[PDB]
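Coming up is one lone chain in structure tokens, specifically the form deposited in one PDB entry.
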């Protein structure tokens, strides 16, 4: 009714506004329009067009699975951030709706979203430490205490999301970004998200996902523990032993055989409680974050350097 009227006032234009206005407009995304949420990205005469009001980094390099994430500059403000390009035809409303208006240290801030032609350009804080995925490739694999430290932070983000009945849907190293000193980790990429009451990465898929069963917040927990194994071992679960990986996840025992023997007992225990095949038996974000918290205390806290020495994968 009035929502109809607000939406009309937003269509056809790029404006500065609040998270709720971006959500409402987003819903119409199944021509240059959208909403910018920070003072640092500013429309000019109803517009925000690539290579006119904003420009991506000089020689076009990119991050993400599809090389779709870029460093960018507002031409007027000079402010630097990041953009994820999503194809309009494939844009999921939920990537913005389950995202806009959140505010947590453990979740990457949304800066706005603008439609231009066949593109939905989603803007966000540029996290300069890169992704946890890049770190793992750089370092070979992570020390136990660093792995726990980041797993806890990811879990705090999941706590925050789960309380709001948002499923992340693709929890993994590649989707955990780091500040420039490595001390702050945050969840990004809500391209797979779903609001509770296009699938994630196959290796990190929970059995109930793979089997087509009913899914809740607990899927994120399983994914996060697969990510933990990725951190410790320097490779995804199921890689070493296995054919289509989605068949083995359903039938086979959880990949707890991949917990390194070197890990401390409570680290091992925690990964096991997050890798229970049945969701009822699997730990919640709150439960697991607490365990992982003491797990990190049990190995003397965070001590190892963020970029220490290389360590060979398994």
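We call the rigid core the largest set of C-alpha positions that still match within 1.5 Å between the two forms. Positions refer to the first chain, counted from 1.
Unmodelled residues of the deposited sequence between residue 197 and residue 198: 10 or more. Missing coordinates between residue 242 and residue 243 amount to 1 to 3 residues of the deposited sequence. When 13-21 is weighed against 301-309, 301-309 comes out higher, by mean CA B-factor as recorded in the entry.
A summary of the deposited B-factors shows that, of 209-217 and 114-122, the stretch with the larger mean C-alpha value is 209-217. In this structure the maximum Cα B-factor among 34, 43, 279, 274 is found at 279. Of the candidates 263, 69, 246, 286, it is 246 whose Cα B-factor is highest according to the PDB record. Residue 105 sits in the middle third of its chain by CA B factor, as recorded in the PDB entry. Ranked by Cα temperature factor within the chain, residue 204 sits in the lowest third according to the deposited record. In the PDB entry, residue 169 places in the lowest third of its chain by CA B-factor. When the modelled residues of the chain are ordered by their C-alpha B factor, residue 58 lands in the highest third. Residue 161: CA B factor lies in the lowest third for its chain, per the PDB record.
From this point on, the text means the form deposited in another entry, which you will not see here.
64 is the only residue from 43, 254, 64, 279 whose Cα shifts by 2 Å or more between this form and the one not shown, the rigid core being superposed. Inter-residue distance, residue 135 to residue 65 (Cα): increased by at least 3 Å in the other entry versus the depicted form.
The gap between the Cα atoms of residue 189 and residue 65 is smaller in the other entry, by no less than 3 Å, than in this form.
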